[PDB]
Amino acid sequence: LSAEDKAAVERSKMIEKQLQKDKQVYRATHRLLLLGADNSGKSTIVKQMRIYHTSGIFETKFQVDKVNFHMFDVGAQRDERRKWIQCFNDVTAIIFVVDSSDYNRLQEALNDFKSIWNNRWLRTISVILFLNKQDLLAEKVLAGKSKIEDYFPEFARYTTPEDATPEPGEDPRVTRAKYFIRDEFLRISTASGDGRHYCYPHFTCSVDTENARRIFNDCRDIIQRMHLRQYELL
Amino acid sequence: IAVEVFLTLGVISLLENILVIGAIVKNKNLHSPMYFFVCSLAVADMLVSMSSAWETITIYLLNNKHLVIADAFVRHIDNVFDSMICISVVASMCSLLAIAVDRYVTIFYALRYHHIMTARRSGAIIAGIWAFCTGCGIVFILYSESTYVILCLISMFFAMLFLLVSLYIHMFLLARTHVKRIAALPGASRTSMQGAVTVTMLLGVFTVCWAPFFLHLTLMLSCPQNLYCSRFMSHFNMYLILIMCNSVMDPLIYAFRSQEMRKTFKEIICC
Amino acid sequence: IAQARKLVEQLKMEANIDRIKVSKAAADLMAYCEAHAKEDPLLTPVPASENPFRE
Amino acid sequence: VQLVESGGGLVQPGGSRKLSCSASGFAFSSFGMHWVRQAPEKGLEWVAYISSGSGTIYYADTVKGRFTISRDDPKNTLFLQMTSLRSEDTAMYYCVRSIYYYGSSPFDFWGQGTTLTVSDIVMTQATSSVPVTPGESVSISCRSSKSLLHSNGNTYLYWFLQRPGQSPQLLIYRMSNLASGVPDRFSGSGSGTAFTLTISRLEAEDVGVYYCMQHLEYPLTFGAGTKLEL
Amino acid sequence: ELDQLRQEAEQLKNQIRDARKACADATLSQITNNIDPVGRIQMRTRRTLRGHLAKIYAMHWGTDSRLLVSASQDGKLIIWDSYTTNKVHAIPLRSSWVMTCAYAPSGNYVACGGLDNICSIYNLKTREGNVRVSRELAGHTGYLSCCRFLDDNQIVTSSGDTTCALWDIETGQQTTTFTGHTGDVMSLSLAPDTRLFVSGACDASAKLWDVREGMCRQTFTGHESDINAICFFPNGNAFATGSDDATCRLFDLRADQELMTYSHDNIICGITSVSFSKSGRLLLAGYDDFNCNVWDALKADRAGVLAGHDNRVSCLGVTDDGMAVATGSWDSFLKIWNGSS
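Each value, and the rule that gives it
- Residues numbered from 1 in each chain as written, not as in the entry; some residues may be left out.
- Chains lettered and ligands numbered in written order.
- Heavy atoms only, no water.
- Residues with missing side-chain atoms left out of burial classes, pairs and counts.
- Helix = DSSP H or I, 4+ residues; strand = E, 2+ residues; numbered from the N terminus.
- Buried < 20%, exposed > 50% of the residue type's maximum accessible area, 1.4 Å probe, protein only.
- Areas by Shrake-Rupley, 256 points an atom, 1.4 Å probe, with all protein chains shown as cover.
- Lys, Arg positive; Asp, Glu negative; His and termini not counted.
- Charge placed at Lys NZ, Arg CZ, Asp CG, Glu CD.
- Salt bridge = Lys/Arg side-chain N within 4 Å of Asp/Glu carboxyl O.
- Contact = heavy atoms within 4.5 Å.
- Buried area = accessible area lost by both parts, 1.4 Å probe.
- Nonpolar A, V, L, I, M, F, W, Y, C, P; charged D, E, K, R; others polar.
- Expected span 1.5 Å × (residues − 1).
- Pairing = 2+ DSSP bridges.
- Axes fitted to C-alpha atoms, helices over the stretch in contact; angles between N-to-C directions.
- Patch = residues over 30% accessible without salt bridge, like charges linked within 9 Å, V, L, I, M, F, W, Y side chains within 5 Å.
- Polar contact = N/O pair within 3.5 Å; in protein donor to acceptor, adjacent residues only side chain to side chain.
- Parallel < 35°, antiparallel > 145°, perpendicular 65-115°, else oblique.
- UniProt positions renumbered as here; feature names shortened; annotations may be inferred.
- Left-handed = near helix turned anticlockwise from the far one by under 90°.
- Disulfide = S-S within 2.5 Å.

- Method information in the entry identifies cryo-EM as the source of the structure, with 2.86 Å recorded as the resolution.

1. A look at the overall build of chain A
In step 1: Regarding its fold elements, chain A presents 7 helices and 6 strands.
In step 2: Ordered by position from the N terminus, the helices and strands of chain A form the series α-β-α-β-β-β-α-β-α-α-α-β-α.
In step 3: Burial analysis of chain A (234 residues in total) assigns 52% to the buried set.
In step 4: As displayed, chain A offers around 11100 Å² of accessible surface, 53% of which is attributable to carbon and sulfur atoms.
In step 5: When the 37 positive and 34 negative side-chain charges of chain A are each reduced to one mean point, those points stand 4 Å apart.

2. Quick look at the pattern of salt bridges
In step 1: Within the structure shown, the criterion is met by 39 salt bridges over all chains.
In step 2: The shortest N-O distance in the salt bridge between D:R37 and D:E45 comes to 3.4 Å.
In step 3: You can call D:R37 buried: its relative accessible area is 4%.
In step 4: By sharing partners, the salt bridges in this structure join A:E80, A:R82, A:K83, E:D226 and E:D244 into a single network.

3. Observations regarding the interface of chain E and chain C
In step 1: Chain E puts 53 residues into the contact, and the matching count from chain C is 37 residues.
In step 2: Interface of chain E and chain C: buried area, both sides summed, is about 4200 Å²; carbon and sulfur atoms make up 68% of it.
In step 3: Sorting the residues of chain E by area buried against chain C places E:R254, E:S279 and E:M323 first, and these three jointly supply 15% of that buried surface.
In step 4: Applying the counting rule to chain E against chain C returns 4 salt bridges.
In step 5: Between C:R19 and E:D256 there is a salt bridge whose closest N-O contact spans 2.7 Å.
In step 6: Secondary-structure elements contributing two or more residues to the side of chain E that touches chain C are α1 (2–22), α2 (28–33), β1 (44–49), β17 (216–221) and β28 (334–338) of chain E.
In step 7: In terms of residue count, α1(E) provides more of the side of chain E that touches chain C than any other element does, 7 residues in total.
In step 8: The class makeup of the residues in the side of chain E that touches chain C is 28 nonpolar, 14 polar and 11 charged.

4. With respect to helix α8 (residues 236–253) of chain B
In step 1: An ideal rise of 1.5 Å per residue puts 26 Å on 18 residues; α8(B) measures up with 26 Å between its terminal C-alpha atoms.
In step 2: Turning to α8(B), the residues buried within the fold contact α1 (4–26), α2 (33–61), α6 (192–222) and α7 (227–233) of chain B.

5. Remarks on the pairing of strand β12 (residues 163–168) of chain E
All names here are of chain E.
In step 1: With respect to burial, β12 is a largely interior element, 6 of its 6 residues being buried.
In step 2: Connecting the antiparallel pair strand β11 (residues 154–159) and β12 is a turn made up of 3 residues.
In step 3: Relative to strand β13 (residues 176–179), β12 is paired through 4 bridges, and the arrangement is antiparallel. Counted as the bridge partner of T163 is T179 from β13.

6. Details of the sheet that holds strand β22 (residues 273–275) of chain E
All names here are of chain E.
In step 1: One open sheet holds the 4 strands; their spatial order is β22-β23-β24-β25, and the pairing between them is antiparallel. Either end of the sheet is taken by a strand with one partner, and the two such strands are β22 and β25 (302–304). Between one strand axis and the next, the sheet turns through 35° on average, direction left out of account.

7. Details of the sheet that holds β13(E)
Two modes of strand pairing occur in sheets, parallel and antiparallel, and in both the strands are linked by backbone hydrogen bonds.
All names here are of chain E.
In step 1: With antiparallel pairing, the 4 strands of this open sheet are ordered in space as β10-β11-β12-β13. Either end of the sheet is taken by a strand with one partner, and the two such strands are β10 (144–151) and β13. Neighbouring strand axes in the sheet, compared pairwise and without regard to direction, differ in orientation by 15° on average.

8. Quick look at a negative patch on the surface
In step 1: Taken together, the side chains of C:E50, C:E55, E:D64, E:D320 and E:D321 make up a negatively charged region of the molecular surface.
In step 2: You can see C:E55 is positioned in the segment after α2 (22–34).
In step 3: On the basis of relative accessible area, C:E55 is assigned to the exposed category, the value being 54%.

9. Topic: the environment of B:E260
Residues and elements named next belong to chain B.
In step 1: Secondary-structure assignment places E260 in helix α9 (residues 259–269).
In step 2: On the basis of relative accessibility, which here comes to 33%, the residue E260 falls in the partly exposed class.
In step 3: In terms of polar contacts, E260 uses its side chain to reach the side chain of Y35, at 3.3 Å.

10. Looking at the packing of α1(B) against α9(B)
All names here are of chain B.
In step 1: Packing of α1 against α9 leaves a shortest axis separation of 9 Å and a crossing angle of 100°. Of the possible angle classes, the one that applies to α1 and α9 is roughly perpendicular. Facing α1, whose interface residues are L19, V20, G22, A23, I24 and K26, α9 presents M261, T264, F265, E267 and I268.

11. Focus: the side chain of D:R185
All names here are of chain D.
In step 1: One can find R185 in the loop between β16 (177–178) and β17 (186–190).
In step 2: Of the polar contacts made by the side chain of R185, one reaches the backbone oxygen of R201; its length is 3.2 Å.
In step 3: Among residues more than four places away in sequence, those in contact with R185 are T198, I199, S200, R201, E203 and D206.

12. Topic: the arrangement of the chains
In step 1: The structure contains 6 pairs of chains in contact, of which chains C and E account for the largest number of contacts.
In step 2: In this assembly chain B lies apart from chain C, the nearest approach of their C-alpha atoms being 22 Å.
In step 3: Separated in space, chain C and chain D share no contact, their closest pair of C-alpha atoms being 10 Å apart.

13. Remarks on the UniProt feature "repeat: WD" in chain E
All names here are of chain E.
In step 1: Within the UniProt annotation, "repeat: WD" is assigned to residues 44–92, 93–138, 139–179, 180–221, 222–265, 266–307 and 308–338.
In step 2: Counted over residues 180–221, helix gives 0% and strand 45%. Its end C-alpha atoms are 13 Å apart.
In step 3: Within residues 222–265, the helical portion is 0% and the strand portion 39%, while the C-alpha atoms at the span's ends are 19 Å from each other.

14. Some thoughts on unusual backbone geometry
In step 1: Within the chain, D:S84 stands out as a residue other than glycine whose phi angle is a positive 55°.
In step 2: Residue position: D:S84 is located in the loop between β8 (77–83) and β9 (91–98).
In step 3: Its identity as a non-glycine residue notwithstanding, E:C202 has a phi of 55°, on the positive side.
In step 4: Mapping E:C202 onto the fold places it in the loop between β15 (196–200) and β16 (205–210).

15. Concerning the packing of helix α3 (residues 107–117) of chain A against helix α6 (residues 172–190) of chain A
Residue and element names in this part refer to chain A.
In step 1: Viewed as axis vectors pointing N to C, α3 and α6 meet at an angle of 25°, and their least axial separation amounts to 10 Å. It follows that α3 is roughly parallel to α6 by the angle criterion. In this structure, the crossing between α3 and α6 has a hand that is right-handed. Residues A109, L110, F113, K114 and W117 of α3 pack against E184, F185, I188 and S189 of α6.
In step 2: Its residues assigned to classes, the contact of α3 with α6 shows 6 nonpolar, 1 polar and 2 charged.

16. Considering the pairing of β10(E)
Residues and elements named next belong to chain E.
In step 1: In terms of burial, β10 is largely enclosed, as 6 of its 8 residues are buried.
In step 2: For β10 and β11, the ladder comprises 6 bridges, and the chain directions are antiparallel. Bridge pairing in β11 links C147 to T157.
In step 3: With antiparallel pairing between neighbouring strands as the criterion, β10 and β11 make up a hairpin whose turn holds 2 residues.

17. Some points on a nonpolar patch on the surface
In step 1: Among the surface-exposed residues, B:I138, B:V139, B:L142, B:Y143 and B:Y148 lie close enough to one another that they form a single nonpolar patch of about 610 Å² accessible area.
In step 2: Following the sequence through the fold, B:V139 ends up in helix α4 (residues 119–142).

18. Concerning the state of the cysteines
In step 1: Counted by the stated rule, this structure contains 3 disulfides over all chains.
In step 2: Here B:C223 is linked by a disulfide to B:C229, with a sulfur-sulfur distance of 2.0 Å. Its S-S torsion of approximately -100° makes the covalent link between B:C223 and B:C229 left-handed. Each member of the pair B:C223 and B:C229 is classed as buried.
In step 3: One disulfide bridge connects D:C142 with D:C212, the sulfur atoms lying 2.0 Å from each other. In this structure the cystine formed by D:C142 and D:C212 twists about its S-S bond by roughly 80°; its chirality is therefore right-handed. Remark: D:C212 occurs in strand β19 (residues 208–214) and D:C142 occurs in strand β13 (residues 138–144); sequence separation between them is 70 residues.
In step 4: For D:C212, a relative accessible area of 0% gives the class buried.
In step 5: In this structure B:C152 is not part of a disulfide, and its nearest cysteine sulfur, from B:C136, lies 9.4 Å away.
In step 6: Looking at the unpaired E:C248, the closest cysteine sulfur is the one in E:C231, lying at 11 Å.

Laid out in structure tokens, this is it:
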């Protein structure tokens, strides 16, 4: 009631006006979290997207068709992902990147993906896989020297699924391995997954320019399925 | 038909709607435009309930011990208590259309939703539709008994039913495509039946509850001298009870369907 | 490796410290409370006139 | 933190002028702005006030009609539009910033002010002049009409010292709180209707005229002034 | 040899544990059973602080017991006037994923830090009017989890790296660094004499540090999972822990044992924020089941449930005066609670 009621009103409600101006920006940008191993493209992919749109988080922002995305690459952190993954719930999706060239460094990649998928704080967060370094796999398994069945004996009696999509001018004797490493992750995902979040595999190799479009479509699908489960139709 | 049904299921509607507003204004996670539209539907549902009740209510009241009232204002009472039906039916149908359109915008404009619908625009649209309903009722009273104020209502219901069914069929089709995509996922340890049942229990309930009244109106406009038409006319009271049954049924399928809405219901009931 | 010896000295500082009997420490820790239980607003609410949040 | 004025000069009566304040060195858009004038030998007198965001604007009851205030945040400049100058508007107009939040110091910075020549609470300062020498202590009195002590706990009495050839400079805001760059010699006190300012040890930079302001309402009146001499 | 070295280590650990259990005749329960249990304390929200866009992870009262500062995922610090729910300052951060905040005892500075391994010092009493960053502390390697000013020129930080450091804002160096943990150090609390502090480090083990000397003076191991919160008793000779195993425990810097285990079969999710009352008689603990269960320090029970939030509570602090208590949760609302009589 005093003349110092400017603090009571004409300062706090200006601050509130600024805050509600910022709220529109906040609830209009989709946050994405990027995870992966050291011997993958998780550094190459983020910088390639950045090109054409002891520190900690390496912020990265881009937009596709007037929709803003904030991708957070996490940098210099310890080996454990335990207690700082809690902060990343309520993001739109988690972008997990796997190297496909290596096979020695693949079993623990599946183990890490299983750990992420079954995390208690990410049961509603859909994951987007980028089975990167696939050009190396193509040029490598052609000159056959390391056998996949050595590390994965189940690869022996494996058959390429009928719903395959081989690229034009591609040896069919790489596609069985491609979809094998893909559906290993897929079967890890489907088990203990009650439809609240799904897995969206993709095949990028090194420099696929259409990664932003893939993330855009996948985020649209995630939001649509979340609503269609809320709008009980799915 | 008798009146104890009007009292019983009417009070059921009162209880359900007081419950839904109480739970919607008590929880903070439920301040989205969709829930504001749901609350507007519940308010219009109160108005439908009272409008439908206090016609036979007044009829019996003037025909029982509670007859102590001047007959001079009986005309004004009739005016108010047949204008508010015209207000509230349009209000409820516009609200149902509002939830349908909001769901459609969320589904097919998923990544652009928050640049399109906000709380401010939700409130603005609610105020606009209520003002439009008030204007429609004023036209209904001031320009009553004409062949136009009764033609521009049937042609309105028959459009807001077609648009409703179109919106929900489109949603169901998209849901089927998504489910079929999910099914092809390797190691799938998934029913279009669930979506079909939801679409049915929405659209069929709406049409079965509303269409008899407006088809009664169509037969009144068209064939006031035919035996079958007159027999159809003779059922006004149990058409009104079906309208009130729709009024009761709406919160069971719209508000009660959500999960956190039911959690807020459980929290409220333990108080 | 040889770094594990460094833990030994830290453990022996951990050991050679003086320790007070738990009953005496408990008595002191509880005695700190009732010596301030008459000035603790949460423990004993004050009259609303003194309360500066609703008055 | 620097405010410099312009737009002053001789005025033929019946004309109009456009005084301006040009801020620099602080977040002008977060500061409220006042105007205070001063007759060539009288005390100060409040002129107008405009808040941050231009939401609130007051004026002095004397000239509430002719004058009009206005600010413009992007250029960090403050304007005062005034028309049909009366005979008594010959004064030394000052520009004062003031930010209001919990713990802030309103009226903390005073501009150099501009000049011009044209051809209900009150405070009374009991003393007009006090002889003094450096070294001892001085208590300057100032009484009011209403009780400045508000319910919330504040008091809204201010204490500005203006040196013989300088602008006013805040010493103690809200009757007890000392400013930033002021030595801790100064101290304020009083009853709640009659107040006093205390100085422990005088120096060569404490002479001038002392003024007491109330800020309880909007017309921030002034006392006549106490002038100290050596 | 390595095996023999591990041997002596093991026997030193045995000499720790047997010496610890030697002086353990009684428990707080035995000495407090005769003491009058406190009644069912009943707080109530007396005002709500809307304004944060997203989740809240930290809050900290000022020394005036009236101002407030809180941190949020949107990347803003807001300074409230808790008496009138006014907003004093709104400080936008460089990094959105802040995880802690602190308010300087003099009231001139605030600090905040998060997943970025930087501690930022902000100046509130700037002569120019606004709020500006005054220092950046970039010596850490893991994510930053708590900050506590010692004075206007000394701050202490605890990072996801198994390390706690002592800084000086004037220079920005790392005057003293504290090592010995093996997991992510989560919480931190200064003793009410500015000479020691404690830290729980995601390995069920807490430690007592010496801000002057530098070495870990004392170490406690009584939990079984990540330790999420820690706070000194007002005495300065005790501290309470809150861990993911849904159990709180009270230690003592001169007893080397846990005293009370704050367990309840109904409670199943882990603690996330712990704070005491001025008298040290009311131990308040935030939780993850959306309530702020209030426990009695001495009698080891539940004398109050401060359940008024919609999402998980994350921060919990009391005033230095002791007249109120604030709770922040993942619902973006910050509620000051107080009693009534």
